[PDB]
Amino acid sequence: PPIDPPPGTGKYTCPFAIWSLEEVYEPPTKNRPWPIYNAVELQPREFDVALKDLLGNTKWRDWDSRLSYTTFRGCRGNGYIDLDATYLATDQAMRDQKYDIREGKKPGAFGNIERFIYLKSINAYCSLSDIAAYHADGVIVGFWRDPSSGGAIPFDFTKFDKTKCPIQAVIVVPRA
């Protein structure tokens, strides 16, 4: 039996640019066995949770140290846990599609080619570069729902996936 996330107590507006990526900008090359899509900006959307819902006083895993430079309000815990933003951008994360991740070309002559995490909760994509930019304080909160070990969360990110720990929201973790 899978464990459901606790109920949301409100709404949160994804604080980063959100995207549609369905038009293929570039076919799969040999060295890059995936399409680079056309990243089309969408008007803001709301996760079905409140910022308070994902916060609490457990430390974040902070897989990639983006949170170690100062003091932040902690994680709700109870099975909520930040995901490795930086890892999710790697070629391996993309090969594995353990999460749904498309590569995209942002609008404009100078729109960077970036890696986008898919958010089913609002049917949109969010740039991993936007989220994980230096001192952007972006955090991908997933919910761990494998019942093994009283809901205890493995130490290696590679063991995670949309089935076992689906993304619940993307936030900016406030400062404490």
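We number the residues from 1 along the sequence you see.
Between 147 to 155 and 120 to 128, the higher mean Cα B-factor belongs to 147 to 155. Of the two segments examined, 49 to 57 and 130 to 138, it is 49 to 57 that shows the higher average Cα temperature factor in the deposited entry.
In the PDB entry, a CA B factor belonging to the lowest third of its chain's modelled residues is recorded for residue 63. Remark: residue 171 belongs to the lowest third of its chain, ranked by C-alpha B-factor as recorded. The entry lists a Cα temperature factor for residue 69 that places it in the lowest third of the chain's modelled residues.
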